[PDB]
Structures are given as C-alpha cells and as structure tokens.
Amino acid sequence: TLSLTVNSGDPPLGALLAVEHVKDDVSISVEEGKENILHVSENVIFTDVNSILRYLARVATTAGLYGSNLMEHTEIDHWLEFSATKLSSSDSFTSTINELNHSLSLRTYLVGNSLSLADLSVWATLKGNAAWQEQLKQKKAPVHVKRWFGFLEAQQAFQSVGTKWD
C-alpha cells in the first residue's frame, strides 16, 4: 500500500495520470487535502512532481512507463526536465513549442513506440500552460502538438483523470 495525497485545488495532473496508469501493477490509493506528495515507506517520501512520476514508473515495471532502452530512459528524464523548466513558466514559448512541434513530427509518442512518462508529464504541463491554451482558442497551434495532445486527451485513463479533476 503506497499512497499519495493530492493538492486539492491544483491537482498535479500527470501525477494521477501515472497513478491511473499504474493501478493494476501495484497497490495505490489517492487521497486529497494538504499538498501533493507520495508515501512509499513513509520514512522515505517524495514531494515533487518529477520524483513521484519516476518512482511509480520505476516500481511498476510491469507497466512500460519508463521505456525499454537506456537511451529511452535518458529521453524520458530529458522530457521531464524540459516540461518542468521550459513549459513551467513561459518565456521563448515560440521556440519552446517549436521544439515540441518539431520532434513530434515523426513520433506518435515522444517515446517512439508507446506511452511513457514523457507523454504523461509533457501533456499535463502543456494542459496547465495558459499561453498554449491561447494558441487553442485562436486556432493557431503547432499541428503535430495538436494531434498528439488530442490523441492522448481522447484516451481511456486520460478521460477519467479529467472527469474527477476539472
């Protein structure tokens, strides 16, 4: 039994994405109140977005959430930094999302073959980015980031996370 408590005002989307992606691999509860943090042996804790994603992706190896290569592992980490720096607060967003538009050109997932942490993480921060939301209502988006955002948005566990936390 590993349990995470979520920041009830501002759920860390992407955290729960992984939690609902890793339900059938390890025992997990979600509680609310307080702030967003995860308890694993409860002497050892994690309380930051990218720590929790990595830890769950590492424990539920039955899931493929961390990729298969060491290269893919390195990418997945790369993506978490990118989203936590360049998509956290916007400045040079145009060049920020040029790059996400650019590398998504030939990729269905950021991963290569399948859904991995990169996606859950990037998609979650994109969503909470309002500058990119402004690209949406003005219909002036990067076309590859759109299909990718829409594709993932439409998916099963992605829709459930929405329904509980919007």
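Position 1 is the first residue in the sequence shown; the rest follow in order.
S.K.: For the stretches 106-114 and 40-48, which has the higher mean C-alpha B-factor as given in the deposited record?
M.R.: Per the PDB record, 40-48.
S.K.: Mind pulling up the entry and telling me whether 120-128 or 133-141 has the higher mean Cα temperature factor?
M.R.: The recorded data point to 133-141.
S.K.: Among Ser83, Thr96, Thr74, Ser89, where is the Cα temperature factor highest, going by the PDB entry?
M.R.: Across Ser83, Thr96, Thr74, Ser89, the entry lists the biggest C-alpha B-factor for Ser89.
S.K.: How does the C-alpha B factor of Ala157 compare with the rest of the chain: lowest, middle or highest third?
M.R.: Ranked within chain, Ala157 CA B lands in the middle tercile.
S.K.: Relative to the other modelled residues of the same chain, rank the CA B-factor of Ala60 and answer lowest, middle or highest third.
M.R.: For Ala60, the deposited C-alpha B-factor lands in the middle third.
S.K.: Relative to the other modelled residues of the same chain, rank the CA B-factor of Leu53 and answer lowest, middle or highest third.
M.R.: It falls in the middle third of the chain.
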